[PDB]
Each structure stands twice: as structure tokens, then as C-alpha cells.
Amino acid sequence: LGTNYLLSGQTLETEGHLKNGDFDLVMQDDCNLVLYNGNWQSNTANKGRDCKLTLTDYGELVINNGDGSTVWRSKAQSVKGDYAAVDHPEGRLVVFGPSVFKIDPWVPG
């Protein structure tokens, strides 16, 4: 996983975090997603155990508990494609996408 971003198709697990500067986004053991120093939380404390954050290929963030039930979602969706949720250094998690340009160093020239 990246330090400060989550991509479409990736999972932030229980105890996982994204960090940028003093801001620390944690998918906590109590199922609450909390952005330390950012005054924000999903407010899902005690709505499950073994919770995981994902990001859909429509740009929606989704928290699911340990038995697959959706406990929270960001609601905003856009076209189908690749997205990234990034911890901005001013202290906000922002969903950007779809992708629009790619530089690929694995192939010629």
C-alpha cells in the first residue's frame, strides 16, 4: 500500500493508516475511520469488527465489517475508471479520478 494514498481496488485494513505530515487516517479496530488532526471521522465506532476500507472503480469509499456488511460509504460516484484517495497535506482525504494520463517506465521507448 502507498503511505498517503489508496487506489481503486486496494484495501486499508484494520489498523492500517495513511499519513501525511501530522495527519494520520486510521481504519481503527472499533470500525471507526478517523483522520487524526483533521477533525473528521466516519462515525462508525462499534458498527463492526475487522473492518476494511476500499475504494470502488466509481470513486466511492466504502467501509465494510468483518462479515462483509457495508457500514459506511462516501456516496459520491463518478464515471467508471481508476481512482485514488489521497491524504492531502492540509489535512483532508480527497478522492480524485478517473485517471487521465499515465507515464509508464516499464515499456519502451
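Start at 1 with the first residue shown and count on from there.
Q: Per the entry, where is the mean C-alpha temperature factor higher: 23-31 or 63-71?
A: Mean C-alpha B-factor is greater for 63-71.
Q: Please say which third, lowest, middle or highest, residue 79 falls into when its CA temperature factor is compared across its chain.
A: Highest third of the chain for residue 79's C-alpha B-factor.
Q: By the recorded C-alpha temperature factor, relative to the other modelled residues in its chain, which third is residue 55 in?
A: Lowest third of the chain for residue 55's C-alpha B-factor.
Q: In terms of the CA temperature factor given in the entry, to which third of its chain does residue 15 belong: lowest, middle or highest?
A: It falls in the middle third of the chain.
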